[PDB]
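Read the figures in this text as sums done on the coordinates, not as results from a lab. Neighbour counts are summed over all protein chains in view; Cβ atoms, including those assigned to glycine, are modelled from backbone coordinates with ideal geometry.
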Number of protein chains: 2
Amino acid sequence: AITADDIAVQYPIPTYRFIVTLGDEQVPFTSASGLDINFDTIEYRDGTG
Amino acid sequence: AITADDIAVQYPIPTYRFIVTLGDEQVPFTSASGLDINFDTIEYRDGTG
């Protein structure tokens with residue numbers, strides 16, 4: 001017994017059901033990708049290690 | 001078969017590992033350059049060659 005209210009808590013979410021709110025309107029889209037969070041890298045080395 | 005105690009005697013030394021003691025203390029630096037020994041030159045020519 002898995003009692004589907006527990007599926008809504010601890011099972012993962014698929015990617016086929018999504019609403020795109022575009023400004024103040026909803027527009028139906030087929031695909032959506034590229035919503036990444038990317039940083040750069042600072043590095044610094046001295047002679048001691 | 002080279003047994004790295006022989007690397008410490010025979011192989012050269014790389015530049016990236018160095019410490020700089022400046023007076024009574026050590027300060028961690030990134031680069032260090034310009035420790036040259038440069039001489040001038042004196043000449044003399046006479047008529048016989």
Cβ charges +1 (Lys, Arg) and -1 (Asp, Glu), total dipole of the protein assembly as shown, debye: 340 debye
Apply the a/c threshold of 1.5 to the C-alpha gyration tensor of chain A and tell me whether it is rounded, prolate or oblate. oblate
Per-copy distances of the B:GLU43 label point, shortest first, in nm (7 angstrom along Cα→Cβ): 4.8
Taking the dipole of chain A about the Cα centre (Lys, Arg +1; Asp, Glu -1; charges at Cβ), the one of A:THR21, A:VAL9, A:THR41 that reaches farthest to the positive side is A:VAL9
Chain B: most fluctuating residue of B:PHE29, B:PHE18, B:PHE39 per GNM, C-alpha cutoff 10 Å: B:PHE39
